[PDB]
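A short write-up of the structure that comes next.
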Amino acid sequence: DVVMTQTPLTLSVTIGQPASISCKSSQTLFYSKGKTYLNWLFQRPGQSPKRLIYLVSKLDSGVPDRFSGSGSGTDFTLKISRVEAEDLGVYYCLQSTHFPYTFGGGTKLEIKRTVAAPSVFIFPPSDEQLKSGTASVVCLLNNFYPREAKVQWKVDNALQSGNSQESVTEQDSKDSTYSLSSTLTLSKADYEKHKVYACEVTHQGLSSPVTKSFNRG
Amino acid sequence: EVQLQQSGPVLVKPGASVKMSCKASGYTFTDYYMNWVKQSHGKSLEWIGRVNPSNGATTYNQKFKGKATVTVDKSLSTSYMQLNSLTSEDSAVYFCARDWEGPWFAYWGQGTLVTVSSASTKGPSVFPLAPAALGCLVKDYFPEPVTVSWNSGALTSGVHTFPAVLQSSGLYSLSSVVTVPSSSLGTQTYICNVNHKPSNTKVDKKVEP
Amino acid sequence: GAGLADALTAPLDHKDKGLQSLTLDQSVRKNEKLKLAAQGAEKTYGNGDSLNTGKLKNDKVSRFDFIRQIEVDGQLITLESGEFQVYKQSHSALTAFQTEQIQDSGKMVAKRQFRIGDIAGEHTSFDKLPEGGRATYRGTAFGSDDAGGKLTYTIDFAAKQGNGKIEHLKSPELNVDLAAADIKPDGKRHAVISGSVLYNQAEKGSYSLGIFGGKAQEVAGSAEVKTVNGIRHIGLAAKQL
């Protein structure tokens, strides 16, 4: 099968800068005179891919002219003249000259921006959940950059370990930030044993760690 | 307006089979080839095969020979793909996509999420995250996915619905949050609309102080 | 062979010889259906549907039987019949109708009329034309009962102007000159030319041509020639070497 070698795997670019993605095939994608079936696709997280470029260099309708495709034979290039915030996502090359059709491994375009500290919020378990016998305590870190962040849970000032899980959003298409949720899970029994619930957040945009906390009740 | 409407998410057991559908509207179905594509979580796309809807002729990626069968029903403007002898490696999103070789627009379906597991389907519990930030905790469901909207879709700005995490129980959980003006907490109503189609669980949860 | 049944049965395929598809807009009015038949096959089209020209032969007129119909309360009513003609180039194609029968104002009556349907293809952008040079196009001019006309056309891309000539149509008055005219952008900034036709230096109607192909390889369009028996329509298509 035709192997499509797509580079770089990740492209980190500041808004306004140009960007270039390369696709090399293991054999020529020339089909016949003037017909070389190389497509470029784009996919946002949790959504379907869309086509941006077909036949090496032809722009699909509904695609900004900042995008361009070039190349021939085994060597192809997608260029973005000036990256905008909404361009983040994964780009794929796709050859259709030879069966089986084959795809590059993808390039994830990430936006570089200035540091942004998280806004931190803590949520106690609801009474409804408590009746059920379990307590979920949630810590939200909202709209921060870069993605790296440390969340530390403390119960009655004791540091917790192995009873929390985190989730992080994909980079936002307008403001280029991330958000993060950390969930501490306790039995109802353990939750009622303790009084002070706190999450402590460390992040490059904070001059010192921030703690949000509540007292059960 | 053209749409490729795929069937809903499904849970299927290892060793069984699954058949999924792509219904095309807004154009003459038999005029364009239809492709099927696999995307394992976090992986690249993989082409499965292509069908000529006018006569049912098919071409396959040999990697899916004996795994995937693509068919059509012209009278229903629909293509189907069946996967057999399921394993956990078949858990993925599958897409239908119209012929993408030429200048004619390259439409995609919205995907079907297939989960291969012996675990039973379970709908979520939905708990409020009371306020500014507020949200809903969508806890203890299987399989993925769930959908969350706010105020039946009126409220979109500032919403973050987090990727689900698999808990040690084998059930998924996620939160959806929104930031709003603290002044509107007395007046404006905030409802999170949760849908888990595999269990037919629909919950509208009012979130208040 | 002529690939007429193929065209009526097969999906579009870009790997077929271009032009691979033509959108039927003028050829099938809203509220109507067009049924084409040839070589034991048939297909019914609505407004906006694609015709599979990729299966047809280039530089020739392909001919189908046609019926124009409307659906009235569940029943199909035939309004017109005749021959549907398709002329295919590599970046452009056009259709035409030779009516032979119309409704008898539940019966049909003989009536002959020739009209151009759709002219379409890979339109050349006015803003992406060659900056200079002179292109010569050679091809076909066809009208009622006559696909033997020869079209010659020349474009000067520096002056952005073109002119040409129709020859060898059996009706001598149709062998008009296509007078010098400017290339202009249309609504979608497609490169188009519209001008008069002349016979013995006398004005005798008009012509319009689109430019097609990324390198302005082709022209396609139509002419209207004024005669004492009415306006006569002529399909036009030509290509560079």
Side-chain angles (χ1 to χ4, degrees), chain B residues 1-5 21-34 52-56 72-79 98-99 104-105 107, chain C residues 3-12 20-56 62-86 93-120 144 233 235:
Chain B
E1 185 181 88
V2 172
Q3 198 168 325
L4 301 184
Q5 186 51 39
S21 69
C22 173
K23 183 168 181 84
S25 54
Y27 72 95
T28 303
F29 178 60
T30 53
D31 286 353
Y32 299 84
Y33 297 110
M34 183 79 63
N52 171 347
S54 195
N55 66 20
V72 298
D73 185 334
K74 288 196 291 202
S75 77
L76 296 184
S77 292
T78 299
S79 182
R98 209 174 72 173
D99 180 19
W104 34 91
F105 195 92
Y107 291 98
Chain C
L4 304 183
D6 292 342
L8 298 169
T9 64
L12 304 177
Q20 300 89 342
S21 70
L22 183 57
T23 298
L24 296 172
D25 175 31
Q26 296 306 295
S27 299
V28 191
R29 293 182 183 174
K30 151 165 220 197
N31 301 317
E32 311 209 4
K33 288 302 206 155
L34 176 68
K35 183 174 100 53
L36 299 184
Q39 301 183 335
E42 62 191 8
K43 187 171 184 189
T44 298
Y45 304 82
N47 178 267
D49 287 348
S50 291
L51 178 68
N52 186 344
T53 50
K55 295 302 195 206
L56 302 175
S62 297
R63 304 175 190 269
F64 303 79
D65 297 334
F66 84 87
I67 302 282
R68 187 164 68 93
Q69 306 183 288
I70 52 170
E71 172 263 314
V72 186
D73 204 9
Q75 100 164 96
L76 294 178
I77 302 300
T78 297
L79 303 177
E80 179 196 14
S81 65
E83 190 181 74
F84 179 79
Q85 296 167 16
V86 184
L94 58 157
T95 71
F97 295 83
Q98 177 64 63
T99 302
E100 298 289 354
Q101 306 267 316
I102 57 160
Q103 273 198 323
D104 181 352
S105 82
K107 293 179 179 179
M108 304 308 276
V109 63
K111 198 240 182 322
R112 298 198 92 232
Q113 178 192 292
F114 181 91
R115 65 180 184 274
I116 301 300
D118 288 285
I119 303 137
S144 185
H233 298 269

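Note that these values count all heavy atoms, side chains included, but never hydrogens, waters or copies made by symmetry. Letters go in sequence order (proteins before strands), and every chain restarts at 1.
- Summarising the geometry of C:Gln20 relative to C:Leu12, their closest heavy-atom pair is O-CD2, 3.7 Å, with the distance given to 0.1 Å.
- The minimum heavy-atom distance linking C:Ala96 with C:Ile116 is given by the pair CB-CD1, 3.9 Å.
- Distance CD1/C:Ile119 to OG1/C:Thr95: 8.0 Å, rounded to 0.5 Å.
- No side-chain donor-acceptor contact under 3.5 Å links C:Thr78 to the backbone of C:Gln69.
- Scanning all heavy atoms of the two residues, the minimum distance from C:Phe114 to C:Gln85 falls at CE1-OE1, 3.4 Å.
- Within the 3.5 Å criterion, the main-chain N or O of C:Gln98 finds no donor-acceptor partner in the side chain of C:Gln113.
- Between C:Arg115 and C:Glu80 there is a salt bridge, since at least one side-chain N of the basic residue sits less than 4.0 Å from a carboxylate O of the acidic one.
- With rounding to the nearest 0.5 angstrom, the CG atom of C:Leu56 is 8.5 Å from the CG atom of C:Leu8.
- For the pair C:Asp118 and C:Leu51, the minimum side-chain heavy-atom distance is 4.5 Å or more.
- Considering only residues two or more places apart in sequence or on other chains, C:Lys33 meets the salt bridge (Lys or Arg N to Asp or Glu O under 4.0 Å) condition with none of them.
- At least one side-chain heavy atom of C:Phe64 sits less than 4.5 Å from a side-chain heavy atom of C:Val86.
- A pairwise comparison of heavy atoms in B:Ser54 and C:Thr9 identifies OG-O, 3.0 Å as the closest pair.
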What's the verdict on salt bridge (charged side-chain N to carboxylate O under 4.0 Å, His left out) for C:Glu100 and C:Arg112, showing C-alpha distance, side-chain angles and the deciding distance? CA-CA 5 Å; C:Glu100 298 289 354; C:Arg112 298 198 92 232; 2.8 Å; yes

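- Separation of atoms OG (C:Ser21) and NZ (C:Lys55) is listed at 12.5 Å; rounding is to 0.5 Å.
- Between the CD atom in C:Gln39 and the CG atom in C:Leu4 there is a gap of 4.0 Å [rounded to 0.5 Å].
- The side-chain heavy atoms of C:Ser50 and B:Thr28, taken from C-beta on, include no pair separated by under 4.5 Å.
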Evaluate C:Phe84 against C:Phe97 for ring-ring contact (aromatic ring centres under 6.0 Å, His included), listing each step before the verdict. CA-CA 5 Å; C:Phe84 179 79; C:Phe97 295 83; 5.0 Å; yes

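- Side chain of B:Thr78 to main chain of B:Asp73: no donor-acceptor pair is present (N/O by atom type, distance under 3.5 Å, no hydrogens or angles).
- Judged as a salt bridge (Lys or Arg N to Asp or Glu O under 4.0 Å), and not counting sequence neighbours, the contacts of C:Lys43 are B:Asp31.
- The CD atom of C:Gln75 lies 9.5 Å from the CD1 atom of C:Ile70; values are rounded to the nearest 0.5 Å.
- A donor-acceptor pair is defined here as one N or O able to donate and one able to accept, closer than 3.5 Å; such a pair exists between the side chain of C:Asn47 and the backbone of C:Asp25.
- Residues C:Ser81 and C:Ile67 share a closest heavy-atom pair of CB-CD1, 3.6 Å.
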Verdict with supporting geometry, B:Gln3 and B:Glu1, side-chain hydrogen bond (donor to acceptor under 3.5 Å, both in side chains): CA-CA 7 Å; B:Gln3 198 168 325; B:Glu1 185 181 88; over 6 Å; no

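- Separating the CG atom in B:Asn55 from the CG atom in B:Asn52 is a distance of 4.0 Å, to the nearest 0.5 Å.
- Side-chain contact between B:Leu4 and B:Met34: present, with at least one pair of heavy atoms (C-beta onward) separated by less than 4.5 Å.
- Between the side chain of C:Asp65 and the backbone N or O of C:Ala38 there is no donor-acceptor pair closer than 3.5 Å.
- By the ring pair (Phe, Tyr, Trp, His ring centres under 6.0 Å) test, B:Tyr107 pairs with B:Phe105, sequence neighbours left out.
- Between the C:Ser27 side chain and the C:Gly117 main chain, no donor and acceptor come within less than 3.5 Å of each other.
- Put simply, the side chain of B:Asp99 never gets that close to the backbone of B:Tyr32: no donor and acceptor are under 3.5 Å apart.
- Using a distance-only test at 3.5 Å, with no hydrogens or angles considered, no donor-acceptor pair links the side chain of C:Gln101 to the main chain of C:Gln103.
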